[PDB]
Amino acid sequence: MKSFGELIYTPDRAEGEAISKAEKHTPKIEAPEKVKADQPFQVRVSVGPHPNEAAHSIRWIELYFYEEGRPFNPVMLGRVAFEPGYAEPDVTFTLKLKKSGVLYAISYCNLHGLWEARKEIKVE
């Protein structure tokens, strides 16, 4: 059968899809490569160009984090939901990290499923 984690469009097989000739679902993560510990910084997450209507939109974005050295992983950092037609799939968070790891962005399209983005962030 198939596992849930396999269902997710990784950014590697995100380019060789027929729907990525019309609309990008893979989230774009804007965030500094290095930050200071306990210091606040911005992370922007956005998807586009994609339609935005009742019948077809990015419904929500999930932001997770793999913390290096944490016993279990990942930690979910935030979740934002967008109203189709009113809100663009574009959001800025403010974060404080203690340790290095990887930011993950998950976008959900009501027609096109779950799309993943990854970004390394070091904490010095």
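Sequential numbering from 1, following the sequence displayed.
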query	finding
Mean Cα B-factor comparison, 111 to 119 or 9 to 17, giving the higher one as deposited	9 to 17
Between the two ranges 72 to 80 and 30 to 38, the one averaging a larger CA B factor in the entry	30 to 38
CA B-factor placement of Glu53, once the chain's modelled residues are sorted into thirds	highest
Third of chain Cα B-factors occupied by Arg59	lowest
Chain thirds of CA B-factor: placement of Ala22	highest
